[PDB]
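Just one chain follows, in the form deposited in one PDB entry, and it is written as structure tokens.
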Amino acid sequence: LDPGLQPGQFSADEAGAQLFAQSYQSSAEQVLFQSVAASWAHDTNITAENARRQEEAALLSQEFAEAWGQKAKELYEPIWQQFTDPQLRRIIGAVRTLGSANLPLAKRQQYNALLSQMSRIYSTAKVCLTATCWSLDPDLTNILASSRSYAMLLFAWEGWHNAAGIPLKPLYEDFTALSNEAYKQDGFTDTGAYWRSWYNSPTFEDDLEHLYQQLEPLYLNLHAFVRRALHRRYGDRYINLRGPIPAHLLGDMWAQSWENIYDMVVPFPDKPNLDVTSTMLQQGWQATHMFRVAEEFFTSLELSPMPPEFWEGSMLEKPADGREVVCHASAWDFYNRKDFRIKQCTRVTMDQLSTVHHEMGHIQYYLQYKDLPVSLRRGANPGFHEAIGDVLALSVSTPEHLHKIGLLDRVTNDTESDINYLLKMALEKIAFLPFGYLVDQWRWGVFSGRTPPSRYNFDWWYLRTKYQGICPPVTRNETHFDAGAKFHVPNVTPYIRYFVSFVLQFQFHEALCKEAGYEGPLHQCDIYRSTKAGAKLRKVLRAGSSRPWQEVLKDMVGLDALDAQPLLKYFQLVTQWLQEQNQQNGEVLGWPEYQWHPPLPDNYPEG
């Protein structure tokens, strides 16, 4: 560790703790910078030499975290919990938490190499047909989205899960043991306990379950309606009206968003076509247009534009040269208050437009809290950060807004059009809920030891069937590691944040619409050009993690807890309509033939 980056001396009392805290933050910026920079170089240009530089950069950050971590515990361990300043207790609480830096050197290197290898495996895996091979993004993504051929979709689903999942498994086991070993020395029973403590709610798991119970009837009804629509296209052989849906027929590799099958489920096809992708293609929209249009929504609210550094630095398309990259969208803060970037392999579609807004939301957060102490540059909780861009995307997807931006010529205000719109949004928002809830339930069980390696896939599919009511379209066994085929698992980044954001964003939407002075139905609200709504959103963004998230929420929304009510209110019309339709069609809500799997196509796997 470079001498400048090492800690000096401070008094062993609260007043000393304040100075320790101030100096820690000054040094940390450079170490965060070189780390993030080394990660960028690798993720935008995957090579062994860049991977090695990233591993070296991570080692340095562990050195840093060790020096300052041990210093905080040297001075403050028996006394920091009774400190009078609660904002101090949060940083000294953090700095005394070493994480992987608790590992001896050889295991640090093993830990860093594992993250590097798992990430490379997920992002360079391919499905080969003969000579040629498909990558996840764009090739397999476009197949899952626009093929309606049962066999083709199955070849893509099976291919990807095998390519990514199988080689990840032995590495994921080693990672889990090293991860737990590290956080066990910080006082947590396991890494999962550490991840949960970010929400600082002693009753987090029960609060989540009580939320899910309110939402589950909305999913069951969406599920049944959709299952019926599929049965009409695929037939009685491949779809069971009383069983789970095959996991490859919902438009998405993880069946996590159902937006791509909108055309099969749209109840009133004679109204305006709310999927706007084909108009985007016809008009010749490119990535740059999508980002500029996103930016302009932000600036309409009197929030910040993207700085020159973002446009010069960002990667907005998959590289055309001979270069491999991590294609999973991501937003980047370099912790120097100047450099902020998005890395997205942007495709020209309506959902990608929402994703552009999603990522730009992360950046806008960075732009607003950049003058705060580096430790306070986070969301109020991780769910806040994930909700910002989605909030705006709610206004952007409205037919009234799509008209303003030239993507929809008709603009009708009738109950059939509302049901079309609300159903489309449910395919994106309601269909995600079960998946968003289950990923970290799986991962928490793995970290606790409840799910050992011999049950990784057993317990994944139990949860997948339990919550989503889907089944794998081919037989799986414990050699498969289907969880590993989802980005966030091998990239070791938590998921519960997405479930929290899909609820929170409707709470934000309701409050910003009210502040904008908007009076009609909540699902028709567009906050475009509302400076008042902007000022309110800005207060949350500039606060960072300096105050408890319960208080930040209260000031914005009037409530100090997560609440499903605004989401229910938003969807109320289609919730009532879907119930009615399923009764009238004699549907069964749920999948009581839980053991059912579809047969293989006759010529599997040829074509």
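Just count from 1 along the sequence shown to find any residue number. For clarity, a rigid core is taken as the largest C-alpha set superposing within 1.5 Å between two forms.
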Among the other entries that model both neighbours of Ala131, does it go unmodelled in a third or more?
-> yes
Just how many deposited residues go unmodelled from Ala94 to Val95: none, 1 to 3, 4 to 9, or 10 or more?
-> none
Return whichever of 270-278 and 159-167 has the greater mean Cα B factor according to the PDB record.
-> 270-278
Got a sec? Mean C-alpha B-factor, which is higher, 518-526 or 214-222?
-> 518-526
Largest Cα B-factor, entry values, listed residues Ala483, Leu115, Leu230, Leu376 | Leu376
Using the temperature factors in the entry, find which of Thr346, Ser417, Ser354, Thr84 has the highest value at its Cα atom.
-> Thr84
Sorting the chain's modelled residues by C-alpha B-factor, tell me whether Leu144 ends up in the lowest, middle or highest third.
-> middle
Against its chain's modelled residues, does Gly235's Cα B factor rank lowest, middle or highest third?
-> highest
Ranked against its chain, the third holding the CA B-factor of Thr203 | highest
Third of the chain, ranked by Cα B-factor, where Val540 sits | middle
Which third of the chain does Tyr421 land in by C-alpha B-factor: lowest, middle or highest?
-> lowest
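The protein also exists as the form deposited in another entry; that form is not presented, and the subsequent description refers to it.
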Kindly specify the one residue in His488, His385, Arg228, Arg89 whose Cα moves by 2 Å or more between the shown form and the other one, with superposition done on the rigid core.
-> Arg89
Rigid core superposition, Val588 Cα moves 2 angstroms or more between the shown form and the other one = no
